[PDB]
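Asker: Just dropping this structure here.
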Amino acid sequence: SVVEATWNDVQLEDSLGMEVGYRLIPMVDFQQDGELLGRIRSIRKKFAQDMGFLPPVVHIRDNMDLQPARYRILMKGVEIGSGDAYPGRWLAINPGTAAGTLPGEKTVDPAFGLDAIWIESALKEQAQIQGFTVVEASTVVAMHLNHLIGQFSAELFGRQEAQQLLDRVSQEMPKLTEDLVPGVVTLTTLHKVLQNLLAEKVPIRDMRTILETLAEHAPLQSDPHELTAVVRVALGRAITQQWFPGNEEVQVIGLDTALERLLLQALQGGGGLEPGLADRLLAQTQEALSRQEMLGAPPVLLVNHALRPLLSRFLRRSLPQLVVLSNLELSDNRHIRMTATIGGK
């Protein structure tokens, strides 16, 4: 080479990163249009004002070993998504209810997994009237990215984001924070609590409700996996209205009155549930999810309060579409109807 090596040649890893084939460099270019840098900003914005924290910056670079119209999406180094995106062309997507077909590459949308076909420019308005939904090239890469952020939002929430959320709270209600951390709760513990909440799709906008439940129940309990289910009920009115809007009936999934005892028998017994039970649940749990799909009902499971911290810990690494709530989290002012059931068949 020409210039001598300095420590500025050390490229620290990126929390979030994109790699780009040379055909896409225009849409990600500082200097030219930047048609996708705009979309990445409005993702990160409509995530802070929505999920309750700022996703880390998306470091975009190119990699000439990538096919020309291809991108990779990266977390802490390791790929977590890739796809094709063709600039001058558009993406006709089918929600299931479009009439006809179109000429072009047949493919599947990288977000929703829907069936979709890349089409050329002048088919736009003609593809829409057949019942399609046509997004720009740049918008597909946006779609794929806003999906993976919501999917990994727990892992993207590092100690550096906890300390940054803790500064943003501690500039609108400083009295809570000034003595809650590092005094009564340690940032390690506050961070693990918010991360547990993000992990189950519960937003952390209500830091009053959180930092108060913690400042109250902390000096007699320090396990974050225990302080979490306490905070969960503080946010019960909000978790309720999340999967069950309006004031109408609550269509939940239920487990058998003895299956409960079956599982509840295996709780206090030790740090382990027994094998054979497993594969039975996951098939039986997926039986209940399907009934709700054809009914038009949410995918929420309502269980005993000591039975939630592990059904969500077990069932969701397999069925992440599942919600696992608690009798003590659901509001009193609602009517419940166990529409589907997890029994012995």
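UniProt numbering numbers the first residue of the sequence shown as 348 and each following residue consecutively. In this text, a Cβ means the ideal position worked out from N, Cα and C, and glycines have one as well.
Under DSSP, the alpha helix (DSSP H) around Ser389 begins and ends at which residues?
Answerer: Position 42 of the sequence shown, counted from the start, is the residue given in the question as residue 389. Segment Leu384 to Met398, the alpha helix (DSSP H) holding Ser389.
Asker: When the Cβ atoms of the segment 645-653 are set against those of the segment 560-573, are three or more pairs found closer than 8 Å?
Answerer: Result no; under three Cβ-Cβ pairs closer than 8 Å.
Asker: Exposed or buried, what is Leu512 when buried is set at 16 or more other beta-carbons lying within 10 Å of its beta-carbon?
Answerer: Walking along the sequence shown from the start, residue 512 turns up at place 165. That one is buried.
Asker: Shortest alpha-carbon distance to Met641 belongs to which of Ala687, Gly619 and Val405?
Answerer: Residue mapping note: residue 641 aligns to position 294 of the sequence shown, counting from 1. Selected option, being the one with the closest Cα: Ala687.
Asker: Along the chain, where does the beta strand (DSSP E) containing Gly601 start, and where does it finish?
Answerer: As a working note, residue 601 is residue 254 in the sequence shown. Per DSSP, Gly601 belongs to the beta strand (DSSP E) from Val597 to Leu602.
Asker: By a C-beta neighbour count over all protein chains shown, 10 Å radius and 16 as the cutoff for buried, is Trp437 buried or exposed?
Answerer: Taking the first residue of the sequence shown as position 1, residue 437 is located at position 90. Buried, by the Cβ-count rule.
Asker: Per DSSP, what are the beta-bridge partners of residue 293 in this structure?
Answerer: Here the chain comprises residues numbered 348 to 692, so residue 293 is not present and cannot be evaluated.
Asker: Let's see if you can read the secondary structure: which residues bound the beta strand (DSSP E) around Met422?
Answerer: Locating residue 422 in the sequence shown gives position 75, where the first residue counts as 1. Note, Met422: beta strand (DSSP E), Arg417 to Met422.
Asker: Please name the residue, chosen from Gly451, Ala432, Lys453 and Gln507, that lies closest to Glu483 on a Cα-to-Cα basis.
Answerer: For the purposes of this step, residue 483 is taken as the residue at position 136 of the sequence shown. Residue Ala432 is the option with its Cα nearest to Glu483.
Asker: So, with DSSP's three-state summary, where would you put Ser429?
Answerer: Here residue 429 refers to the residue found at position 82 when the sequence shown is read from its first residue. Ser429: strand per DSSP, three-state reduction.
Asker: Using a Cβ-Cβ distance under 7 Å, would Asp412 count as near chain B?
Answerer: Although the question refers to chain B, the structure presented lacks it and comprises just one protein chain.
Asker: Could you compute how far the alpha carbon of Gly478 sits from the alpha carbon of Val455?
Answerer: The residue you call residue 478 lines up with position 131 of the sequence shown. The residue you call residue 455 lines up with position 108 of the sequence shown. Answer to the nearest angstrom: the Cα atoms are 17 Å apart.
Asker: Select from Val577, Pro550, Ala546 and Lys548 the residue whose C-alpha is nearest the C-alpha of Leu561.
Answerer: Counting from 1 along the sequence shown, the entry for residue 561 is found at position 214. For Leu561, the nearest C-alpha among the options comes from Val577.
Asker: Helix, strand or coil: which one does DSSP assign to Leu544?
Answerer: Here residue 544 refers to the residue found at position 197 of the sequence shown. Helix at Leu544.
Asker: Going by C-alpha distance, which of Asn441, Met365 and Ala395 is nearest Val405?
Answerer: Stepping through the sequence shown from its first residue, residue 405 is reached at position 58. The candidate whose alpha carbon is nearest that of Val405 is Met365.
Asker: With C-beta atoms as the reference, is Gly368 less than 7 Å away from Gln414?
Answerer: The sequence position of residue 368 within the sequence shown is 21, counting from 1. The sequence position of residue 414 within the sequence shown is 67, counting from 1. A contact, by the Cβ cut-off of 7 Å.
Asker: Would you please state the rounded distance, in angstroms, between the beta carbons of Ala489 and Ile390? I believe it to be under 8 Å.
Answerer: Start at 1 with the first residue of the sequence shown, and residue 489 comes out as number 142. Start at 1 with the first residue of the sequence shown, and residue 390 comes out as number 43. About 6 Å; that satisfies the 8 Å criterion.
Asker: At 3 residues or longer, what runs of the beta strand (DSSP E) sit wholly inside the segment 498-554?
Answerer: For the segment 498-554, not a single whole beta strand (DSSP E) run of length 3 or above is found.
Asker: Bridge partners of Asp409, per DSSP?
Answerer: Start at 1 with the first residue of the sequence shown, and residue 409 comes out as number 62. Answer by DSSP bridge pairing, in chain order: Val367.
Asker: Classify residue 324: buried if its beta carbon has 16 or more other beta carbons within 10 angstroms, exposed otherwise.
Answerer: In the structure displayed, the chain extends from 348 to 692; residue 324 sits before or after that span and is not available.
Asker: Check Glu452 in the structure and name its three-state DSSP category.
Answerer: Residue mapping note: residue 452 aligns to position 105 of the sequence shown, counting from 1. Reduced to three states, the DSSP call for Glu452 is strand.
Asker: If I follow the unbroken alpha helix (DSSP H) through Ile476, where does it start and stop?
Answerer: On the sequence shown, position 129 is the one that residue 476 refers to. Counting along the chain, the alpha helix (DSSP H) containing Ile476 begins and ends at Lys471 to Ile476.
Asker: So, for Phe394: in the same chain, excluding its five sequence neighbours on each side, which residues have a beta-carbon less than 6 Å away from its beta-carbon?
Answerer: Within the sequence shown, numbered from 1, the residue matching residue 394 stands at position 47. Taken in chain order, the residues that qualify are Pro402.
Asker: Can you check which of these residues, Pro571, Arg370 and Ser429, is closest to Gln542 by C-alpha distance?
Answerer: Indexing the sequence shown from 1 puts residue 542 at position 195. Comparing Cα positions, the closest option is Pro571.
Asker: Straight-line CA distance for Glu382 to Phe459?
Answerer: For the purposes of this step, residue 382 is taken as the residue at position 35 of the sequence shown. For the purposes of this step, residue 459 is taken as the residue at position 112 of the sequence shown. Spanning the two alpha carbons is a distance of roughly 22 Å.
Asker: Return the residue from the list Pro656, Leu657, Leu666 and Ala446 that minimises the CA-CA distance to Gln631.
Answerer: Indexing the sequence shown from 1 puts residue 631 at position 284. Here the closest residue by C-alpha is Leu666.
Asker: Distance check for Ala501 and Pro521, CA to CA, integer angstroms please.
Answerer: The sequence position of residue 521 within the sequence shown is 174, counting from 1. The sequence position of residue 501 within the sequence shown is 154, counting from 1. Those two C-alpha atoms are separated by around 25 Å.
Asker: Return the CA-CA distance between residue 694 and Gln589, expressed in angstroms with no decimal places.
Answerer: Examination of residue 694 is not possible in this model, given that the chain is present from 348 through 692 alone.
Asker: From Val549, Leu628 and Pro646, pick the residue whose C-alpha is nearest to that of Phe661; which is it?
Answerer: In the sequence shown, the residue the question calls residue 661 occupies position 314. The residue with the shortest Cα to Cα distance from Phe661 is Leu628.
Asker: Under a three-way DSSP split, which group does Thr353 fall into?
Answerer: Within the sequence shown, the letter at position 6 stands for residue 353. DSSP places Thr353 in coil when its eight states are reduced to three.
Asker: Under the three-state reduction of DSSP, which class applies to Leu669: helix, strand or coil?
Answerer: Within the sequence shown, residue 669 is the residue found at index 322, counting from 1. Reduced to three states, the DSSP call for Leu669 is coil.
Asker: When you compare only the Cα positions, how much space is there between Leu527 and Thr535?
Answerer: Here residue 527 corresponds to residue number 180 of the sequence shown, with the count starting at 1. Here residue 535 corresponds to residue number 188 of the sequence shown, with the count starting at 1. The alpha-carbon atoms of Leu527 and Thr535 are separated by roughly 13 Å.
Asker: Given this structure, state the Cα-to-Cα distance separating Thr604 from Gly530, to the nearest angstrom.
Answerer: In the sequence shown, counting from the first residue as 1, residue 604 sits at position 257. In the sequence shown, counting from the first residue as 1, residue 530 sits at position 183. So the alpha carbons of these two residues sit roughly 43 Å apart.
Asker: Which one of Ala439, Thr444 and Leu461 has the shortest CA to CA distance from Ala469?
Answerer: Residue mapping note: residue 469 aligns to position 122 of the sequence shown, counting from 1. Checking every option, the nearest Cα to that of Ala469 belongs to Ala439.
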